[PDB]
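Topology and contacts: notes
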Amino acid sequence: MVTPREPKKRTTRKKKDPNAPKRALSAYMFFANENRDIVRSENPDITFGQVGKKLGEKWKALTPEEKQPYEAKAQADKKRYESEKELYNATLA
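Numbers attached to residues count from 1 within each chain as its sequence is written and can disagree with those in the entry; no residue without coordinates is shown. Side-chain calculation: all heavy atoms of the structure are included, whereas hydrogens and water are not.

What the entry reports as its method is solution NMR.

For the chain, the name recorded in the PDB entry is NONHISTONE CHROMOSOMAL PROTEIN 6A, with Saccharomyces cerevisiae as its organism. This entry carries the title "Solution Structure of the Sequence-Non-Specific HMGB protein NHP6A". UniProt positions are given in the numbering used here, feature names are shortened, and annotations may be inferred rather than shown by experiment. As recorded by UniProt, the Subunit comment attached to the chain reads in full: "Weakly associates with the stable SPT16-POB3 heterodimer to form the FACT (yFACT or SNP) complex, which is associated with nucleosomes. Multiple molecules of NHP6 (NHP6A and/or NHP6B) are required to recruit the SPT16-POB3 heterodimer to DNA." You can read under Sequence similarities in the UniProt record for the chain the words "Belongs to the NHP6 family."

1. Section: helix α3 (residues 64-92)
Taking 1.5 Å per residue as the helical rise, α3 with its 29 residues ought to reach 42 Å, and the 41 Å between its terminal C-alpha atoms agrees with that figure. Going along the chain from the N terminus, every DSSP run of H or I of four or more residues is numbered as a helix, and every run of E of two or more is numbered as a strand. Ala-93 occupies a position one or two residues after α3 and carries a positive phi of about 35°. Given a helix with a known number of residues, its expected span is that number minus one, times 1.5 Å.

2. Comments concerning helix α2 (residues 48-60)
When the terminal C-alpha atoms of α2 are compared, their 17 Å separation across 13 residues agrees well with the 18 Å that a helix rising 1.5 Å per residue should span. Buried within α2 we find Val-51, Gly-52, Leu-55 and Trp-59. Within α2, the buried residues cover an arc of 90° as seen down the axis, which keeps them to one side. Exposed side of α2, more than 90 degrees from the buried face: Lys-53 and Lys-60 are the residues found there. For every residue, the accessible area obtained with a 1.4 Å probe (protein chains only) is divided by the maximum for its type, and the residue is called buried under 20%, exposed over 50%, and partly exposed between those limits. In this description, the arc belongs to the directions extending from the helix axis to the C-beta atoms.

Spelled out as structure tokens, the structure:
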């Protein structure tokens, strides 16, 4: 029932287009994307209800000296995602 208004069962020519954001990621998403596999690999039986909590407790307790690069990476990816999106909205105006 998503949007009762359906323009002739979707009548678009070119839906997918270049220069498009890919959703940035936070320092937690990076350390969680990798750690989520380390735990899921050592224990695929447990779901994200424990895997994500494992990366959250490890990262949260992860010395700031090691997180330095992590958060910094999220900032570099935060500008890349916000940069591409800004260009799109600025190109369509």
